[PDB]
Amino acid sequence: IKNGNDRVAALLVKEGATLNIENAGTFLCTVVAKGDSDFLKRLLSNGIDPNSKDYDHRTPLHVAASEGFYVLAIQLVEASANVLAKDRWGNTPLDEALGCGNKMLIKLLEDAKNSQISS
Amino acid sequence: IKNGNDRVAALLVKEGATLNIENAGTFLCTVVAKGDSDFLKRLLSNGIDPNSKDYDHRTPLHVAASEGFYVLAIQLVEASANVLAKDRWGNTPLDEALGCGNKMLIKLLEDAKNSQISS
Amino acid sequence: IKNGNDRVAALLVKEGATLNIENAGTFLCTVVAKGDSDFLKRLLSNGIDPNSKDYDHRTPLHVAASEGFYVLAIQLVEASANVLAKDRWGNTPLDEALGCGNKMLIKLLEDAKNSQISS
């Protein structure tokens, strides 16, 4: 997936494959810091957990909501990632997006909040 | 350095080798979580820059303050990694150290912060 | 858009064309320096996002506030590019608009800021 060879990657999972890496919460939030949207597309297709905690129990939304990757947030929420998490000092990802200020993210956060409320 | 062969590292620095890695701050924010103080000492042996910050602008002082360490903080104090730099959340490491607790290390951190401010 | 042929733009958007550029936020700062309001008005016809910020985190409201414009200030008011976002220097655009002057536009900006805050 790093080299973008999905054809072999597709048949690799068919025969039985999985991702076994450490600090995945810290690793993935580094990827979203660079801003590359192509890289995160094929990771979620292989079942990677999007709610993995970082070194400070920081969800990827904490990095995502602060900077405001509204477009790079639809793919993550397609995996039913939790939005009721907390920051290191205590901050909801939906509240984190609201604090920074983003109308597009607020609507997305409200939809996530509505989905979370509906459960 | 990773393999622990400090003896052979003397020839490398004598030859004129230098340390240069990408996202150094993020690397510094997870080794403290690992707690490899002995391996951390070798990092300071080569004089690596301690002012590196991650995507969240969190210096190693910030995570150490949250971790509530004493021996590592004293070792970090020897490295002299800034005094009080606001992170993404805007909380100074001195405030984080006081808020976290560890009065045995907070008093040392406060004395170090006062000395750093005076200097 | 650059050549001013708005007639072919209607067919292009009907075909489903998208406006994506790199370092977009910096572009909205230099255009208002040139004062091409007619060219700027065409940009909003395609629904370009006005919340983009440069490397200094300066929204188009910030540079317009320093520029002390009135017609453009009325123009970006309809764009609704946030209310008051701190820049690298930490100065809100409303504070910058008030500090710069232009009471003819500052009063309109203050009313727009008050309306944006209420909304």
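Residues numbered from 1 in each chain as written, not as in the entry; some residues may be left out. Chains lettered and ligands numbered in written order. Part of a larger assembly, values for the part shown. Heavy atoms only, no water. Residues with missing side-chain atoms left out of burial classes, pairs and counts.

This entry lists cryo-EM as its structure determination method and reports a resolution of 3.5 Å.

Counting its secondary structure elements, chain A contains seven helices and zero strands. When the helices and strands of chain A are listed from N to C terminus, the series reads α-α-α-α-α-α-α. Against the globule reference of 14 Å for 119 residues, chain A gives a C-alpha radius of gyration of 15 Å, in line with a compact fold. The principal-axis extent of the C-alpha atoms belonging to chain A is close to 45 × 25 × 25 Å. In chain A, the share of contacts with a sequence separation of at least 24, taken over all contacts with a separation of at least 6, comes to 70%. (Helix = DSSP H or I, 4+ residues; strand = E, 2+ residues; numbered from the N terminus. Rg over C-alpha atoms; globule rule 2.2 N^0.38 Å. Contact = heavy atoms within 4.5 Å.)

For B:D6, the salt bridge is made with B:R42, and the minimal N-O distance between the two is 3.6 Å. Here B:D6, found in helix α1 (residues 6-15), pairs with B:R42, found in helix α3 (residues 37-45); they are 36 residues apart in sequence, far enough to count as distant. (Salt bridge = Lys/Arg side-chain N within 4 Å of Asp/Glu carboxyl O.)

Our focus in this paragraph is the relation of the copies chain B and chain A. The transformation that overlays chain B on chain A combines an axial shift of 0.3 Å with a rotation of 178°, and the residual RMSD is 1.1 Å. Classification of the inter-copy transformation places it as that of a two-fold axis. (Least-squares fit on C-alpha atoms.)

Structurally, B:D54 is set in the loop between α3 and α4 (60-67). Within the structure, B:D54 has its side chain in polar contact with the backbone nitrogen of B:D56 (distance 3.2 Å). There is a polar contact of 2.5 Å between the side chain of B:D54 and the backbone nitrogen of B:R58. Filtering out sequence-adjacent residues up to four positions away, B:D54 remains in contact with A:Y55, B:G25, B:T26 and B:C29. (Polar contact = N/O pair within 3.5 Å; in protein donor to acceptor, adjacent residues only side chain to side chain.)

The interface of chain B with chain A comprises seven residues on the first partner and eight residues on the second. Grouping the amino acids of the side of chain B that touches chain A by side-chain chemistry returns two nonpolar, one polar and four charged. (Nonpolar A, V, L, I, M, F, W, Y, C, P; charged D, E, K, R; others polar.)

Time to look at the arrangement of the chains. The two units chain A and chain C are non-contacting; their minimal C-alpha-C-alpha distance is 8 Å. Nothing in chain B touches chain C, and the closest approach of their C-alpha atoms is 12 Å.

Moving on, we get to unusual backbone geometry. Phi at A:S80 is positive, roughly 60°, even though this residue is not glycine. Mapped onto the elements, A:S80 comes out in the loop between α5 (74-77) and α6 (93-100). Backbone geometry at C:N102 places phi at a positive 55°, although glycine is not the residue there. As for its placement among the helices and strands, C:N102 is situated in the loop between α6 (93-100) and α7 (103-118).

We now examine the packing of α3(B) against helix α5 (residues 71-79) of chain B. Residue and element names in this part refer to chain B. It is the contact of α3 with α5, at a shortest axis distance of 11 Å, that shows an interaxial angle of 5°. The angle between α3 and α5 falls in the class roughly parallel. Residues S37, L40, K41 and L44 of α3 lie in contact with α5, whose contacting residues are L72, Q75 and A79. Tallied by class, residues from the contact of α3 with α5 come to four nonpolar, two polar and one charged. (Axes fitted to C-alpha atoms, helices over the stretch in contact; angles between N-to-C directions. Parallel < 35°, antiparallel > 145°, perpendicular 65-115°, else oblique.)

On to the packing of helix α4 (residues 60-67) of chain A against α6(A), then. All names here are of chain A. Here α4 crosses α6 at 15°, and the two axes come no closer than 8 Å. With respect to α6, the element α4 is oriented roughly parallel. Here α4 runs over α6; the crossing is right-handed. Across the interface between the two elements, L61, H62, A65 and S66 from α4 touch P93, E96, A97 and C100 from α6. In terms of residue class, the contact of α4 with α6 is made up of five nonpolar, two polar and one charged. (Left-handed = near helix turned anticlockwise from the far one by under 90°.)

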